[PDB]
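Notes for the one structure printed next.
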Ligand SMILES: [Zn+2]
């Protein structure tokens, strides 16, 4: 069994989502605002006897063989800006989320407010709220923090989310109750985002012992089967004759895996290791990150220019003036994230909330796809908005 759902771990970087990720998965969560997906799988098990919920093969409170229920995957990003961009670009394919809020600090913390805004923009309503560090602080601090949380979420998409003061048993239960696997169409056209790519060969391996490059796929919809012939949109730049266009990569799925679990099929949920026929040099060090995979001839069109509808984000994280709200202008150079792809671009025409943008790098996307927008707000790139492709 692979992961059936993607769950975002959000909230201020110091409120506790990082340790919480480790406890449920045994995984240590770890020049432009790139898309860098962080995945962490958690197998929810239960004990027939005591009914305790756990990730352990044998019971925590009765050493009995637990039973498998469902596998889930948590999604995180290196930092705040990156996580926000990863959600607004559609790269994260969230079905639900866990918003971690510390009790020892005011509540609304900027980052915390901003993450909720991304959840709302994304229409993600399967939320579980965790009031961490209740151990610290006293009975008035808590209860005051609790009311701040209820206030902060009032009027938002998380107004009815369970508030859980934090134990592994209670959280796993809640994940199962409040974030159920969504209904998906088994026959939807197979499409996939390449979030990572690698060369799994160690130094000095013999040529006849070399293995096809491996892809780190985030399946958007449909089912991919081992043996499927696939096509890799944007491909690579080639110079034949007097041209230099972008040529698609065609290869075959040699294997599929959910972490270390072997699969024959693979659908949306978690990061899927896709073994291919591609020579290792084409995949090494995420060379192909931001690409789109699908069955031959079924991939969305390649765009070198685009028209988007953009919304300015009402940010609270940042200094002053840096917090200003500035509309897109003609001639501006932006940094865009669409899918798991990242590319610079310049505005050839700003007409209100609409802009024609010429990209430095080709993109494979459908009309209606999401876009994360950033601008050099000083000595670094800063996320200023989000939108969709309408042309
Ligand atoms: Zn038990």
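A quick note on method: Cβ atoms are made from the backbone with ideal geometry, for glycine too, and the neighbour counts reach across all protein chains shown. No value in this document is a laboratory result; all are computed from the given coordinates.
Quick notes on this one:
- Alpha-carbon Debye profile of region 185-299, log10 I(q)/I(0) at 0.13, 0.18, 0.23 Å⁻¹: -0.48, -0.88, -1.33
- Separation of region 305-344 from region 363-391 is 6 Å, based on Cα centroids.
- All-pairs alpha carbon distance profile, the chain, 10 Å steps from 0, percent: 5, 21, 30, 26, 14, 4, 1, 0
- Protection-proxy order for peptides 310-316, 335-341, each taking the mean of Cβ atoms within 10 Å per residue, highest first: 335-341, 310-316
- For the chain, calculated [θ]222 nm from helices alone, where every DSSP H run of n ≥ 4 adds -39500 (n - 2.57): -4000 deg cm²/dmol
- Region 166-213-region 28-81 distance, computed between alpha-carbon centres (Å): 13
- Highest to lowest packing among 361-369, 109-117, scored as the average C-beta count within 10 Å: 109-117, 361-369
- Inverting the pair-averaged 1/r between distinct Cα atoms of region 265-310 gives 13.9 Å as its Kirkwood hydrodynamic radius.
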